[PDB]
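Chemist: Below you'll find the structure I mean.
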Amino acid sequence: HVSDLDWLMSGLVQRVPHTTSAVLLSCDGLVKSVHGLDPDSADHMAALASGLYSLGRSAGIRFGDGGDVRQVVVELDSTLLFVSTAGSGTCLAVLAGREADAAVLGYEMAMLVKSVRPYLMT
Amino acid sequence: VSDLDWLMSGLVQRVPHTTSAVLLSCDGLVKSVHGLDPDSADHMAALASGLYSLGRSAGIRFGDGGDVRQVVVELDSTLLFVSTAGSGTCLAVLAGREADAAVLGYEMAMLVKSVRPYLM
């Protein structure tokens, strides 16, 4: 039931200026909901985010008490890509410029994950 | 070689809570390391070049010219920073979550420039 949360993706994008896109994806890399990207950009974003999350989790296993990933952040020249878990089987990927308030983005991404939860429990 | 190893230690020593520093080819080979046994370092070079490679893809699609600058993995109690060093190289640093992000950020940018002469 996570396939129709485009409104939750935009609720996030609309609530933190300088964010451009939010994609909610299965950890195998498939788009479930999205705001801000066209169909092709989203498939691509979801492939990247899931690879980042899986390498992130593997580093935790191979180096640090198998600790869960809190977040992966890619810093590009002109923007940032944030990837965190969004519940079992699921990931949230957000593109935001450096002028984005990262405290506010943190609160918003955390809130989004808790709201997604009832749709994973169907 | 041992010369670069020396610089990797220098970095760990200057930055509290860091535990290791690996310099890697983007194609995933260890060039020098401090604080990981040789097997773990090879794993670090593989995982870090994997992070770099995905971050680079992202740059090409969503960036506007410049390369990925850094990938940070934040785990329960530690952080993995992977910085672009140019010339087919990355710096991968592991640290406990207690490390000072201001200093570590500065020290890593400096190290990337510092090694440059030993890579030519």
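Identifiers for the structure tokens are assigned positionally: chains receive A, B, ... in sequence, residues are indexed from 1 per chain, and ligands are indexed from 1 in the order shown.
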Within 7 Å of chain A, which residues of chain B show up? Give each one with its shortest atom-to-atom distance in Å (one decimal) and the two atoms involved, counting only C-alpha atoms, rows by chain then rising residue number, as CSV.
Modeler:
```
residue,atom,partner,partner_atom,distance
B:47,CA,A:55,CA,6.5
B:51,CA,A:52,CA,6.3
B:54,CA,A:48,CA,6.0
B:55,CA,A:74,CA,6.1
B:59,CA,A:76,CA,5.8
B:63,CA,A:78,CA,6.0
B:64,CA,A:78,CA,6.7
B:66,CA,A:77,CA,5.6
B:67,CA,A:77,CA,6.6
B:68,CA,A:76,CA,4.5
B:69,CA,A:76,CA,5.5
B:70,CA,A:75,CA,5.2
B:71,CA,A:74,CA,4.5
B:72,CA,A:73,CA,5.1
B:73,CA,A:72,CA,4.5
B:74,CA,A:71,CA,5.2
B:75,CA,A:69,CA,4.3
B:76,CA,A:67,CA,5.3
```
Chemist: Enumerate as a CSV table (one decimal) with N, CA, C and O atoms, in the first residue's frame all residues of chain A assigned to alpha helix (DSSP H) by DSSP on the backbone, naming them with the chain letters and numbers the document uses.
Modeler:
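Result saved to part35.csv:
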```csv
chain,number,residue,atom,x,y,z
A,6,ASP,N,2.4,9.3,-3.1
A,6,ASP,CA,3.1,10.4,-3.8
A,6,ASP,C,2.8,11.7,-3.0
A,6,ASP,O,3.7,12.5,-2.8
A,7,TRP,N,1.6,11.8,-2.4
A,7,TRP,CA,1.3,12.9,-1.5
A,7,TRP,C,2.2,13.0,-0.3
A,7,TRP,O,2.3,14.1,0.3
A,8,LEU,N,2.8,11.9,0.2
A,8,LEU,CA,3.6,12.0,1.4
A,8,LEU,C,5.0,12.5,0.9
A,8,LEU,O,5.7,13.3,1.7
A,9,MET,N,5.5,12.0,-0.2
A,9,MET,CA,6.7,12.5,-0.8
A,9,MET,C,6.6,14.0,-1.1
A,9,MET,O,7.6,14.8,-0.8
A,10,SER,N,5.5,14.5,-1.6
A,10,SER,CA,5.5,16.0,-1.8
A,10,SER,C,5.3,16.7,-0.5
A,10,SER,O,5.9,17.8,-0.3
A,11,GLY,N,4.6,16.1,0.5
A,11,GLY,CA,4.5,16.7,1.8
A,11,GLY,C,5.8,17.0,2.4
A,11,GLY,O,6.0,18.1,3.1
A,12,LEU,N,6.8,16.1,2.2
A,12,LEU,CA,8.1,16.3,2.6
A,12,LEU,C,8.8,17.4,1.7
A,12,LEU,O,9.4,18.4,2.2
A,13,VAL,N,8.7,17.2,0.4
A,13,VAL,CA,9.4,18.2,-0.5
A,13,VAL,C,8.9,19.6,-0.2
A,13,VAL,O,9.7,20.5,-0.1
A,39,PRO,N,9.4,9.5,-14.3
A,39,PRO,CA,9.5,8.1,-14.2
A,39,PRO,C,10.9,7.5,-14.4
A,39,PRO,O,11.3,6.6,-13.6
A,40,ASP,N,11.7,7.9,-15.4
A,40,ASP,CA,13.0,7.4,-15.7
A,40,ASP,C,14.0,7.9,-14.6
A,40,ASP,O,14.9,7.1,-14.2
A,41,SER,N,14.0,9.1,-14.3
A,41,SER,CA,14.9,9.6,-13.3
A,41,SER,C,14.7,8.9,-12.0
A,41,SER,O,15.7,8.6,-11.2
A,42,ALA,N,13.5,8.6,-11.6
A,42,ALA,CA,13.1,7.9,-10.4
A,42,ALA,C,13.6,6.5,-10.4
A,42,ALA,O,14.1,6.0,-9.4
A,43,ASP,N,13.5,5.7,-11.5
A,43,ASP,CA,14.0,4.4,-11.5
A,43,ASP,C,15.4,4.4,-11.3
A,43,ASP,O,16.0,3.5,-10.6
A,44,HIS,N,16.1,5.4,-11.8
A,44,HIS,CA,17.5,5.5,-11.7
A,44,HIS,C,17.9,5.9,-10.3
A,44,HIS,O,18.8,5.3,-9.7
A,45,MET,N,17.2,6.9,-9.7
A,45,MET,CA,17.5,7.3,-8.4
A,45,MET,C,17.3,6.1,-7.4
A,45,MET,O,18.0,5.9,-6.5
A,46,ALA,N,16.2,5.3,-7.7
A,46,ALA,CA,16.0,4.2,-6.8
A,46,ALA,C,17.1,3.1,-6.9
A,46,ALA,O,17.4,2.5,-5.9
A,47,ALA,N,17.6,2.9,-8.1
A,47,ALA,CA,18.7,2.0,-8.2
A,47,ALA,C,19.9,2.4,-7.4
A,47,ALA,O,20.6,1.6,-6.8
A,48,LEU,N,20.2,3.7,-7.5
A,48,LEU,CA,21.4,4.3,-6.8
A,48,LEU,C,21.2,4.2,-5.3
A,48,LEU,O,22.1,3.7,-4.6
A,49,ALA,N,20.0,4.6,-4.9
A,49,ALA,CA,19.7,4.7,-3.4
A,49,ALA,C,19.8,3.3,-2.8
A,49,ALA,O,20.4,3.1,-1.7
A,50,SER,N,19.3,2.3,-3.5
A,50,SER,CA,19.3,0.9,-2.9
A,50,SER,C,20.7,0.4,-2.9
A,50,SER,O,21.1,-0.3,-2.0
A,51,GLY,N,21.5,0.6,-4.0
A,51,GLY,CA,22.9,0.2,-3.9
A,51,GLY,C,23.7,0.9,-2.8
A,51,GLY,O,24.4,0.2,-2.0
A,52,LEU,N,23.4,2.2,-2.5
A,52,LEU,CA,24.1,2.9,-1.5
A,52,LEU,C,23.7,2.3,-0.1
A,52,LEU,O,24.6,2.2,0.8
A,53,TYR,N,22.4,2.0,0.0
A,53,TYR,CA,22.0,1.5,1.3
A,53,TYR,C,22.6,0.1,1.5
A,53,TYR,O,23.0,-0.2,2.6
A,54,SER,N,22.6,-0.7,0.5
A,54,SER,CA,23.2,-2.0,0.7
A,54,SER,C,24.7,-2.0,1.0
A,54,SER,O,25.2,-2.9,1.7
A,55,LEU,N,25.4,-1.2,0.3
A,55,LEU,CA,26.9,-1.1,0.6
A,55,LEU,C,27.1,-0.5,2.0
A,55,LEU,O,27.9,-1.0,2.8
A,56,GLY,N,26.3,0.5,2.3
A,56,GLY,CA,26.3,1.1,3.7
A,56,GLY,C,26.0,0.0,4.7
A,56,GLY,O,26.8,-0.1,5.7
A,57,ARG,N,25.0,-0.8,4.6
A,57,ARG,CA,24.7,-1.9,5.5
A,57,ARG,C,25.9,-2.9,5.6
A,57,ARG,O,26.2,-3.4,6.6
A,58,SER,N,26.4,-3.2,4.4
A,58,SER,CA,27.5,-4.2,4.4
A,58,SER,C,28.8,-3.7,5.1
A,58,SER,O,29.5,-4.5,5.8
A,59,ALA,N,29.1,-2.4,5.0
A,59,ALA,CA,30.2,-1.8,5.7
A,59,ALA,C,30.0,-1.9,7.2
A,59,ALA,O,30.9,-2.3,8.0
A,60,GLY,N,28.8,-1.7,7.7
A,60,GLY,CA,28.4,-1.9,9.1
A,60,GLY,C,28.7,-3.3,9.5
A,60,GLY,O,29.3,-3.6,10.5
A,61,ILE,N,28.2,-4.3,8.7
A,61,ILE,CA,28.5,-5.7,9.0
A,61,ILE,C,30.1,-6.0,8.9
A,61,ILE,O,30.6,-6.5,9.9
A,62,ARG,N,30.7,-5.6,7.9
A,62,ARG,CA,32.1,-6.0,7.7
A,62,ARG,C,33.1,-5.2,8.7
A,62,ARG,O,34.1,-5.7,9.1
A,63,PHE,N,32.6,-4.1,9.2
A,63,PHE,CA,33.4,-3.3,10.1
A,63,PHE,C,32.9,-3.0,11.5
A,63,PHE,O,33.6,-3.2,12.5
A,102,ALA,N,19.4,21.0,7.4
A,102,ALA,CA,19.6,19.6,7.6
A,102,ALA,C,19.0,19.1,8.9
A,102,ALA,O,18.6,17.9,9.0
A,103,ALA,N,18.8,20.0,9.9
A,103,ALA,CA,18.1,19.6,11.1
A,103,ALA,C,16.6,19.4,10.8
A,103,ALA,O,16.0,18.5,11.3
A,104,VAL,N,16.0,20.3,10.0
A,104,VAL,CA,14.7,20.2,9.6
A,104,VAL,C,14.4,19.0,8.6
A,104,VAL,O,13.4,18.4,8.7
A,105,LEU,N,15.4,18.8,7.7
A,105,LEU,CA,15.3,17.6,6.9
A,105,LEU,C,15.3,16.3,7.7
A,105,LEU,O,14.6,15.4,7.3
A,106,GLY,N,16.1,16.3,8.7
A,106,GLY,CA,16.2,15.2,9.6
A,106,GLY,C,14.8,14.9,10.3
A,106,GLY,O,14.4,13.8,10.3
A,107,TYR,N,14.2,16.0,10.9
A,107,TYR,CA,12.9,15.8,11.5
A,107,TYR,C,11.9,15.4,10.5
A,107,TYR,O,11.0,14.5,10.9
A,108,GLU,N,12.0,15.9,9.3
A,108,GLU,CA,10.9,15.6,8.3
A,108,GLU,C,11.1,14.2,7.7
A,108,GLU,O,10.0,13.5,7.6
A,109,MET,N,12.3,13.7,7.5
A,109,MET,CA,12.5,12.4,7.0
A,109,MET,C,12.1,11.4,8.1
A,109,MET,O,11.5,10.3,7.8
A,110,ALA,N,12.4,11.7,9.4
A,110,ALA,CA,11.9,10.8,10.5
A,110,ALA,C,10.4,10.7,10.6
A,110,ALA,O,9.9,9.7,10.9
A,111,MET,N,9.8,11.9,10.4
A,111,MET,CA,8.3,11.9,10.5
A,111,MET,C,7.7,11.1,9.3
A,111,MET,O,6.7,10.4,9.5
A,112,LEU,N,8.3,11.2,8.2
A,112,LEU,CA,7.8,10.5,7.0
A,112,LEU,C,7.9,9.0,7.2
A,112,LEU,O,7.0,8.3,7.0
A,113,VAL,N,9.0,8.5,7.7
A,113,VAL,CA,9.1,7.1,8.0
A,113,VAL,C,8.1,6.6,9.0
A,113,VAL,O,7.4,5.5,8.7
A,114,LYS,N,7.8,7.3,10.1
A,114,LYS,CA,6.7,6.8,11.0
A,114,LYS,C,5.4,6.9,10.3
A,114,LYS,O,4.5,6.0,10.6
A,115,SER,N,5.2,7.8,9.3
A,115,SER,CA,3.8,7.8,8.7
A,115,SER,C,3.7,6.7,7.6
A,115,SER,O,2.6,6.3,7.3
A,116,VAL,N,4.8,6.3,7.0
A,116,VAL,CA,4.8,5.2,6.1
A,116,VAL,C,4.5,3.9,6.7
A,116,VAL,O,3.9,3.0,6.1
A,117,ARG,N,4.8,3.7,8.0
A,117,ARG,CA,4.7,2.5,8.7
A,117,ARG,C,3.4,1.7,8.6
A,117,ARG,O,3.3,0.5,8.3
A,118,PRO,N,2.2,2.5,8.7
A,118,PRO,CA,0.9,1.8,8.6
A,118,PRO,C,0.7,1.3,7.2
A,118,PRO,O,-0.2,0.5,7.0
A,119,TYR,N,1.4,1.8,6.2
A,119,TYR,CA,1.1,1.3,4.9
A,119,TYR,C,2.0,0.0,4.6
A,119,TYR,O,1.7,-0.7,3.6
A,120,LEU,N,3.0,-0.3,5.4
A,120,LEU,CA,3.7,-1.5,5.2
A,120,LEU,C,3.0,-2.6,6.0
A,120,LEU,O,3.2,-3.8,5.7
```
Chemist: Run DSSP on the backbone and give me the residues of chain B it puts in strand (DSSP E), as a ChimeraX atom specification.
Modeler: /B:18-25,30-34,70-75,78-86,89-96
Chemist: How would the residues just picked look written out with N, CA, C and O atoms as a short mmCIF file (atom, residue, chain, number, x, y, z; two decimals), in the first residue's frame?
Modeler:
```
data_model
loop_
_atom_site.label_atom_id
_atom_site.label_comp_id
_atom_site.auth_asym_id
_atom_site.auth_seq_id
_atom_site.Cartn_x
_atom_site.Cartn_y
_atom_site.Cartn_z
N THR B 18 39.11 8.60 15.08
CA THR B 18 39.25 7.94 13.78
C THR B 18 39.95 6.62 14.07
O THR B 18 40.73 6.54 15.03
N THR B 19 39.66 5.58 13.30
CA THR B 19 40.28 4.30 13.60
C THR B 19 41.11 3.78 12.43
O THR B 19 42.02 2.98 12.61
N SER B 20 40.82 4.25 11.22
CA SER B 20 41.58 3.80 10.07
C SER B 20 41.40 4.75 8.91
O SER B 20 40.43 5.52 8.85
N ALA B 21 42.36 4.67 8.00
CA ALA B 21 42.38 5.49 6.81
C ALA B 21 42.96 4.62 5.71
O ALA B 21 44.05 4.06 5.87
N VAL B 22 42.22 4.47 4.63
CA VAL B 22 42.71 3.78 3.46
C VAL B 22 42.72 4.70 2.24
O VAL B 22 41.75 5.44 1.98
N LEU B 23 43.81 4.65 1.47
CA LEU B 23 43.84 5.30 0.18
C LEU B 23 43.60 4.27 -0.89
O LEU B 23 44.30 3.27 -0.94
N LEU B 24 42.64 4.51 -1.78
CA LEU B 24 42.33 3.46 -2.77
C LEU B 24 42.28 3.98 -4.21
O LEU B 24 41.98 5.16 -4.44
N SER B 25 42.60 3.12 -5.17
CA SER B 25 42.28 3.42 -6.56
C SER B 25 40.74 3.36 -6.66
O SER B 25 40.09 2.64 -5.90
N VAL B 30 43.78 -1.21 -2.83
CA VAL B 30 44.46 -0.52 -1.74
C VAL B 30 45.80 0.07 -2.22
O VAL B 30 46.62 -0.63 -2.81
N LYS B 31 46.04 1.35 -1.95
CA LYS B 31 47.33 1.95 -2.29
C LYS B 31 48.16 2.16 -1.03
O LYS B 31 49.39 2.10 -1.07
N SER B 32 47.47 2.44 0.08
CA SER B 32 48.11 2.49 1.40
C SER B 32 47.07 2.50 2.50
O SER B 32 45.93 2.89 2.28
N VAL B 33 47.45 2.05 3.68
CA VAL B 33 46.47 1.94 4.76
C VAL B 33 47.09 2.15 6.12
O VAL B 33 48.21 1.72 6.35
N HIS B 34 46.36 2.81 7.01
CA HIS B 34 46.65 2.72 8.44
C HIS B 34 45.45 2.25 9.27
O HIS B 34 44.33 2.77 9.12
N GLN B 70 32.14 13.58 -1.84
CA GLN B 70 32.26 12.71 -0.66
C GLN B 70 31.01 11.83 -0.48
O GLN B 70 29.87 12.24 -0.84
N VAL B 71 31.19 10.62 0.06
CA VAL B 71 30.03 9.79 0.46
C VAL B 71 30.23 9.46 1.92
O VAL B 71 31.30 9.01 2.33
N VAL B 72 29.21 9.72 2.72
CA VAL B 72 29.28 9.43 4.12
C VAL B 72 28.25 8.35 4.46
O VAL B 72 27.07 8.46 4.09
N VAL B 73 28.70 7.30 5.14
CA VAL B 73 27.77 6.30 5.67
C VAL B 73 27.74 6.49 7.15
O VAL B 73 28.77 6.40 7.82
N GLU B 74 26.55 6.76 7.68
CA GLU B 74 26.41 6.89 9.12
C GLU B 74 25.77 5.64 9.73
O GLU B 74 24.62 5.34 9.44
N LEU B 75 26.52 4.93 10.56
CA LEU B 75 26.04 3.70 11.16
C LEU B 75 25.66 3.98 12.60
O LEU B 75 25.82 5.10 13.08
N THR B 78 29.33 4.39 14.37
CA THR B 78 30.51 4.79 13.60
C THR B 78 30.14 5.45 12.26
O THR B 78 28.97 5.44 11.85
N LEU B 79 31.14 6.01 11.59
CA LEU B 79 30.96 6.69 10.30
C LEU B 79 32.04 6.24 9.34
O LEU B 79 33.19 6.06 9.73
N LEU B 80 31.66 6.07 8.08
CA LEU B 80 32.61 5.82 7.03
C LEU B 80 32.53 7.03 6.11
O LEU B 80 31.43 7.34 5.61
N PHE B 81 33.66 7.73 5.92
CA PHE B 81 33.72 8.86 4.98
C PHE B 81 34.53 8.38 3.79
O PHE B 81 35.62 7.82 3.96
N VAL B 82 34.03 8.59 2.58
CA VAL B 82 34.81 8.28 1.40
C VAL B 82 34.96 9.57 0.59
O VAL B 82 33.97 10.11 0.13
N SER B 83 36.19 10.09 0.45
CA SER B 83 36.40 11.36 -0.25
C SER B 83 37.06 11.13 -1.58
O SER B 83 38.01 10.35 -1.71
N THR B 84 36.58 11.86 -2.57
CA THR B 84 37.28 11.90 -3.85
C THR B 84 38.65 12.58 -3.75
O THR B 84 38.75 13.73 -3.33
N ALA B 85 39.70 11.90 -4.20
CA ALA B 85 41.04 12.48 -4.16
C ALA B 85 41.59 12.90 -5.55
O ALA B 85 42.69 13.43 -5.68
N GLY B 86 40.79 12.66 -6.58
CA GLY B 86 41.18 12.92 -7.96
C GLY B 86 42.10 11.82 -8.47
O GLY B 86 42.54 10.95 -7.71
N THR B 89 41.57 8.10 -7.50
CA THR B 89 41.86 7.77 -6.11
C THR B 89 40.73 8.23 -5.15
O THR B 89 40.05 9.22 -5.41
N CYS B 90 40.54 7.48 -4.07
CA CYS B 90 39.66 7.90 -2.97
C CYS B 90 40.35 7.69 -1.62
O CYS B 90 41.23 6.81 -1.49
N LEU B 91 39.94 8.49 -0.64
CA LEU B 91 40.34 8.31 0.75
C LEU B 91 39.14 7.83 1.55
O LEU B 91 38.10 8.51 1.60
N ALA B 92 39.30 6.69 2.21
CA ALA B 92 38.22 6.11 3.00
C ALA B 92 38.63 6.13 4.46
O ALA B 92 39.70 5.60 4.85
N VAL B 93 37.82 6.78 5.28
CA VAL B 93 38.18 6.89 6.70
C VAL B 93 37.04 6.37 7.56
O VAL B 93 35.85 6.64 7.29
N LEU B 94 37.39 5.54 8.54
CA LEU B 94 36.39 5.04 9.49
C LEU B 94 36.62 5.78 10.77
O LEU B 94 37.76 6.10 11.13
N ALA B 95 35.53 6.07 11.46
CA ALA B 95 35.63 6.82 12.70
C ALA B 95 34.45 6.41 13.58
O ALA B 95 33.42 5.96 13.09
N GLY B 96 34.65 6.50 14.88
CA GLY B 96 33.54 6.38 15.80
C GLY B 96 32.73 7.66 15.67
O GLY B 96 33.27 8.72 15.29
#
```
Chemist: Take atom CA of residue B:12 and atom CA of residue B:110 and report the distance between them in Å, one decimal.
Modeler: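 Computed distance, atom CA of residue B:12 to atom CA of residue B:110, equals 12.8 Å.
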Chemist: What does the distance from atom CA of residue A:92 to atom CA of residue B:50 come to in Å, to one decimal?
Modeler: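 Answer for the atom CA of residue A:92 to atom CA of residue B:50 separation: 19.8 Å.
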Chemist: List as a list in words the protein and nucleic acid residues near residue B:107, meaning an atom at most 8 Å away when only C-alpha atoms are counted, but skip any in the same chain fewer than 2 places from it.
Modeler: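 Near neighbours after the sequence-gap exclusion: residues 11, 14, 15, 103, 104, 105, 109, 110 and 111 of chain B.
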Chemist: Just N, CA and C atoms for this one: save the residues we selected as a PDB file, in the first residue's frame.
Modeler:
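Final output, part22.pdb:
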```pdb
ATOM      1  N   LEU B  11      47.108  11.164   9.659  1.00  0.00           N
ATOM      2  CA  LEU B  11      45.708  11.568   9.713  1.00  0.00           C
ATOM      3  C   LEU B  11      44.998  11.015  10.924  1.00  0.00           C
ATOM      4  N   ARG B  14      46.134  12.903  14.074  1.00  0.00           N
ATOM      5  CA  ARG B  14      45.593  14.262  14.196  1.00  0.00           C
ATOM      6  C   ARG B  14      44.082  14.318  14.523  1.00  0.00           C
ATOM      7  N   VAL B  15      43.348  13.253  14.215  1.00  0.00           N
ATOM      8  CA  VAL B  15      41.908  13.288  14.422  1.00  0.00           C
ATOM      9  C   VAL B  15      41.379  12.231  15.405  1.00  0.00           C
ATOM     10  N   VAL B 103      36.880  19.092  12.357  1.00  0.00           N
ATOM     11  CA  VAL B 103      38.287  18.787  12.197  1.00  0.00           C
ATOM     12  C   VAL B 103      38.487  17.706  11.144  1.00  0.00           C
ATOM     13  N   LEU B 104      37.728  16.626  11.270  1.00  0.00           N
ATOM     14  CA  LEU B 104      37.868  15.481  10.389  1.00  0.00           C
ATOM     15  C   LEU B 104      37.636  15.912   8.948  1.00  0.00           C
ATOM     16  N   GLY B 105      36.645  16.777   8.761  1.00  0.00           N
ATOM     17  CA  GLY B 105      36.366  17.324   7.448  1.00  0.00           C
ATOM     18  C   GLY B 105      37.566  18.104   6.927  1.00  0.00           C
ATOM     19  N   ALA B 109      40.265  16.807   3.720  1.00  0.00           N
ATOM     20  CA  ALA B 109      40.548  17.656   2.555  1.00  0.00           C
ATOM     21  C   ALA B 109      42.038  17.911   2.469  1.00  0.00           C
ATOM     22  N   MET B 110      42.677  18.164   3.611  1.00  0.00           N
ATOM     23  CA  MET B 110      44.134  18.441   3.572  1.00  0.00           C
ATOM     24  C   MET B 110      44.917  17.198   3.126  1.00  0.00           C
ATOM     25  N   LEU B 111      44.545  16.027   3.648  1.00  0.00           N
ATOM     26  CA  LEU B 111      45.265  14.784   3.348  1.00  0.00           C
ATOM     27  C   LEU B 111      45.244  14.491   1.840  1.00  0.00           C
TER      28      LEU B 111
END
```
Chemist: Hey, can you check how far atom CA of residue B:44 sits from atom CA of residue A:26?
Modeler: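 That distance, rounded to one decimal, is 25.9 Å.
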Chemist: Mind checking which residues fall within 6 Å of residue A:21, counting only C-alpha atoms, ignoring those fewer than 3 positions away in the same chain, and posting them as a list in words?
Modeler: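 Contacts, in chain order: residues 35, 36, 94 and 95 of chain A.
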